[PDB]
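[1] Provide a 3D model corresponding to the input given below.
(one chain, ligands or ions: 1)
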Amino acid sequence: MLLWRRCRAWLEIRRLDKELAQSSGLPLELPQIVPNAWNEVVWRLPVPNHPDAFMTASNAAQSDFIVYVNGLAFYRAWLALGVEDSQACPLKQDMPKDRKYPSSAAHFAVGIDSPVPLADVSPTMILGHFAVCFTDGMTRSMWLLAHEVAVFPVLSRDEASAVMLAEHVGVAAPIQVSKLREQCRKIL
Ligand code: AUC
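    Numbering: from 1, shown residues only. Let me share the structure:
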């Protein structure tokens, strides 16, 4: 029921608040941009006690922006959507119960040969507070979070939205997809 879910979500957010407080200003494991047998931005993501995951900005528009997000912070902002929204975030413990989760785990298993495209997310406002919502990529985000990936990239529609995401959940300034692609080519 509803009070049940609200109280659960409240307690998880409080947990996240503490964790973020403890780990404030400590170094996190970053995605690693890798050289690739294609013409795309690809990252190696370390996954604790698990084989590496690989993701790609292949399905991004040149106009999109990349934001590298603190997983815990991203998770907390997702919970801010509340519990009734169709995009409501399951508690981490229940994420593997999600219907598409096995299909996502399957995709993440392939590796560098078929990297998983990024999620497309947006900053929004819910009952007067900041939250994150999705255009796509909720399940793969759950996989990442349930597997405790510390930092991962996400896609945002435009500069201001990406700056807003980075402000609340980012570990770095946003960078435009077109400009990152260019730099990857000039360096990697
Ligand atoms: N391609 C592709 Au996929 C998830 N989760």
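[2] contacting residues around the lengthiest helix in the chain?
    Looking across the chain with DSSP state H, the single longest helix is helix 2-22. When contacts are defined by Cβ atoms under 8 Å, 6 or more residues apart in numbering, helix 2-22 is touched by residues 70, 72-73, 75-76, 79-80, 82-84, 91-92. All C-beta atoms are positioned from the backbone trio N, CA, C, and that covers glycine.
[3] same thing with stretch 163-176?
    Outside of stretch 163-176, the residues within contact range by Cβ under 8 Å, 6+ apart are 28, 30, 62-70, 73-74, 76-77, 121-123, 130, 132, 151, 154, 156, 159, 162.
[4] now swap in stretch 57-71 and tell me
    By Cβ under 8 Å, 6+ apart, stretch 57-71 touches 20, 28, 30-31, 38, 40-41, 115, 117-118, 120, 144-145, 148-159, 161-162, 165-166, 169-172, 174-178, 180-181.
[5] and those near the ligand, which?
    Among the contacts of stretch 57-71, the residues within reach of the ligand (Cβ under 6 Å from any ligand atom) are residue 117.
[6] which parts of this structure are strands?
    Secondary structure of the chain (DSSP state E): strands located at 32-34, 42-45, 53-56, 65-70, 116-117, 120-126, 129-136, 151-156, 175-176.
[7] now do the last one: distance to the chain's middle.
    Relative to its chain's centre, strand 175-176 lies at 16 Å (Cα atoms, centre = their mean, to the nearest Å).
[8] repeat that for the third one.
    Its chain's average C-alpha position is 12 Å from that of strand 53-56, according to Cα atoms, centre = their mean.
[9] just the residues contacting it, thanks.
    Contacts of strand 53-56 (Cβ under 8 Å, 6+ apart): 31, 34, 40-45, 47, 108, 111-112, 115-118, 144, 147, 149, 152-153.
[10] what are the buried residues along it?
    53-56 (16 or more other Cβ atoms under 10 Å).
[11] quick one: the closest residue to residue 46 other than its chain neighbours from residue 68, how far?
    Spatial nearest neighbour of residue 46, chain neighbours left out: residue 29 (5.2 Å); criterion: Cβ to Cβ, 6 or more residues apart in numbering. According to Cβ to Cβ, to the nearest Å, residue 29 and residue 68 sit 11 Å apart.
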